[PDB]
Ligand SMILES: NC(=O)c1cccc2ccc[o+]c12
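Take a look at this one chain, the form solved without the ligand, written out in structure tokens.
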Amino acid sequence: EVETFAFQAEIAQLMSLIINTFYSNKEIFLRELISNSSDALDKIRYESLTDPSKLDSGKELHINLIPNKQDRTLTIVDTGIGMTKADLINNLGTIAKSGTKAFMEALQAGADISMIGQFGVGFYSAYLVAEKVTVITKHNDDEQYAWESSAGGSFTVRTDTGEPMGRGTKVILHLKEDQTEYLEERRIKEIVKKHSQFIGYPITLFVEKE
């Protein structure tokens, strides 16, 4: 069963701005997704202080970067708190606690897209480089779910079976054809060193099997 949902109007507008604005400094998407992973890891780390059974689904707190040139995907994996089904729908489909409104106003008043993370909407910078984004997630309190969107105003949610993750979130970026530089090891290493060198969790760049 696949459920289709409309983005909240302001989120669809934000996504359209990210997709259609001429803006060359696209590499910041990775910093924003790594920052989201770090936040999710902080949350499960904190919850596990008062309740160590929260780590029964996996004690390791880390971030993996998985390029695949055959599938033309870059995957950002973390073992953070994950998202329930309700979290997916609210946090990726609506303004929720984000500064979506302030960001869209700021862009008309001198801000630029690289500041997206200051407004709590860094996730959508994925659409600087991805034609489609799939989010696989598992929270201790829910089953594993797959969220997906190629923008255009809607997203889908379905259960995800056959490859259980334990706990956390996988952001699968199906890259645009002209954005394959972000599958190159040297380029990923450069961007991680530039923007994500102070993250408090290990970031492992996987090697391609080819």
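For the two forms, the rigid core is made up of the largest set of C-alpha atoms that agree within 1.5 Å on superposition. We number the residues from 1 along the sequence you see.
- 60-68 and 158-166 differ in mean CA B-factor, and the higher of the two is recorded for 158-166.
- When 44-52 is weighed against 168-176, 44-52 comes out higher, by mean CA B-factor as recorded in the entry.
- When the C-alpha B-factors of 107, 77, 135, 121 are read from the PDB record, the largest value belongs to 107.
- Residue-level inspection of the entry shows that, of 32, 148, 39, 141, 141 has the top Cα B-factor.
- Split the chain's modelled residues into thirds by C-alpha temperature factor. Residue 111 is in the highest one.
- Ranked by Cα temperature factor within the chain, residue 207 sits in the middle third according to the deposited record.
- In this PDB entry, the Cα temperature factor of residue 102 sits in the top third of its chain's modelled residues, the highest group.
- Among all modelled residues in its chain, residue 125 ranks in the lowest third by Cα B-factor.
Keep in mind the form solved in complex with the ligand is missing from the figure; the text below concerns it.
- The binding site of this unliganded chain is blocked: after the ligand is superimposed from its pose in the bound PDB entry, three or more of its atoms come within 2.4 Å of the backbone or C-beta atoms.
- The three residues 83, 88 and 147 all sit with a heavy atom within 4.5 Å of the ligand in the bound PDB entry.
- Of the heavy atoms in residue 179, none are within 4.5 Å of the ligand in the bound PDB entry.
- Residue 74 falls outside the set of residues with a heavy atom inside 4.5 Å of the ligand in the bound PDB entry.
- The shortest heavy atom separation between residue 130 and the ligand in the bound PDB entry exceeds 4.5 Å.
- Taking the ligand as it sits in the bound PDB entry, the stretch 181-197 never comes within 4.5 angstroms of it through any non-hydrogen atom.
- Once the two forms are fitted on their rigid core, between this form and the one not shown the CA displacement reaches 2 Å or more only for 98 among 134, 114, 140, 98.
- Note on residue 168 and residue 98: their C-alpha atoms are more widely spaced in the bound PDB entry, a change of at least 3 Å from this conformation.
- Figure legend: C-alpha atoms of residue 47 and residue 97, shown here, are separated by at least 3 angstroms more in the bound PDB entry.
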